[PDB]
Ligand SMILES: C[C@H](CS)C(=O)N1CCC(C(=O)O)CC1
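Before any questions on how it binds or moves, here is one chain, the form deposited without the ligand, in structure tokens.
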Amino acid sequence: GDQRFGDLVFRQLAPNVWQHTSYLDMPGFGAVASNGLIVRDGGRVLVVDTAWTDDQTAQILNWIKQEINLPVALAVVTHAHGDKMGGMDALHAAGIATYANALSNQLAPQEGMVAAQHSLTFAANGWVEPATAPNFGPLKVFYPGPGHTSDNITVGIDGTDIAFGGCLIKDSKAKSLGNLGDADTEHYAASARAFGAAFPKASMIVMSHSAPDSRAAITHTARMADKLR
């Protein structure tokens, strides 16, 4: 099913929703896939997450030009690590307005990333403060608490069965929680469960480093996270 386009892979998940996948060759971990999303909302496109690098992110935009040929109205990036924010300059060179958690933008420089141009803030229940998320279309942005990182956010796609956990969530057969270098080991389990609770009807869980899975990804991730505390 998957479309190969240069060194990236694109898979349609639902009407109007595609998964983008990019790779980085890192001894110790093989060629590491990272996934994000592309959403068509009528006459515009929305992107969730960059690729690892600026060049790869430019290739995402080239795939969008070829396959959709509509403007990319905005991108939201789900925390300040390179698999999610490595390509910010490519977005900015393309004139795309970029959004991230306020805390991601503050952490971006120390993580070697370029901040998004706009900051999202969150209400006490975890839902994005509306004034900070203009024109988000079907993207429903939720801060579940600290986990994979302090700043990690998640995104549901209204009108679909899809919720994106980014690097917070691992698939139901995952043998570890992957990169824990910036993790909050105390709060991870709860944050994973809060993601699930925010998007109860989402039966397709999309994530950064596994193929899409059932909601067993959420329960399994949270059980792996229980053991870090």
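Sequential numbering from 1, following the sequence displayed.
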| property | result |
| --- | --- |
| Comparing 28-36 with 180-188, the one whose average Cα B-factor in the PDB entry is higher | 180-188 |
| 74-82 versus 152-160 - greater average Cα B-factor per the deposited record | 152-160 |
| Most elevated Cα B-factor in the entry, residues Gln19, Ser22, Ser208, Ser214 | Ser214 |
| Per the PDB entry, maximal CA B factor within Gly87, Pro109, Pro130, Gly126 | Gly126 |
| Cα B factor band for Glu67 (lowest, middle or highest third within the chain) | middle |
| Third of the chain, ranked by Cα B-factor, where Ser104 sits | lowest |
| Third of the chain's Cα B-factor distribution that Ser172 belongs to, per the entry | highest |
| Third of chain Cα B-factors occupied by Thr53 | lowest |
| Where the record places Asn135 (Cα B-factor, split into thirds across the chain) | highest |
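Omitted here: the form deposited with the ligand bound. The next part is about that form.
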query: Binding-site state, shown form vs the ligand in the bound PDB entry, superposed, 3 or more atoms under 2.4 Å of backbone or C-beta; finding: open
query: Residue among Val45, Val48, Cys167, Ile162 with a heavy atom within 4.5 Å of the ligand in the bound PDB entry; finding: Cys167
query: In the bound PDB entry, segment of 97-105, 74-82, 134-142, 154-162 with a heavy atom within 4.5 Å of the ligand; finding: 74-82
query: Touches the ligand in the bound PDB entry: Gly178 (any heavy atom, 4.5 Å); finding: yes
query: Exercise: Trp52 in contact with the ligand in the bound PDB entry, heavy atom 4.5 Å; finding: yes
query: Close approach of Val32 to the ligand in the bound PDB entry, 4.5 Å, heavy atom; finding: yes
query: Partner contact for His209 in the bound PDB entry: the ligand, 4.5 angstroms, heavy atom; finding: yes
query: Residues within 4.5 Å of the ligand in the bound PDB entry, restricted to 137-155 and counted by heavy atom; finding: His148
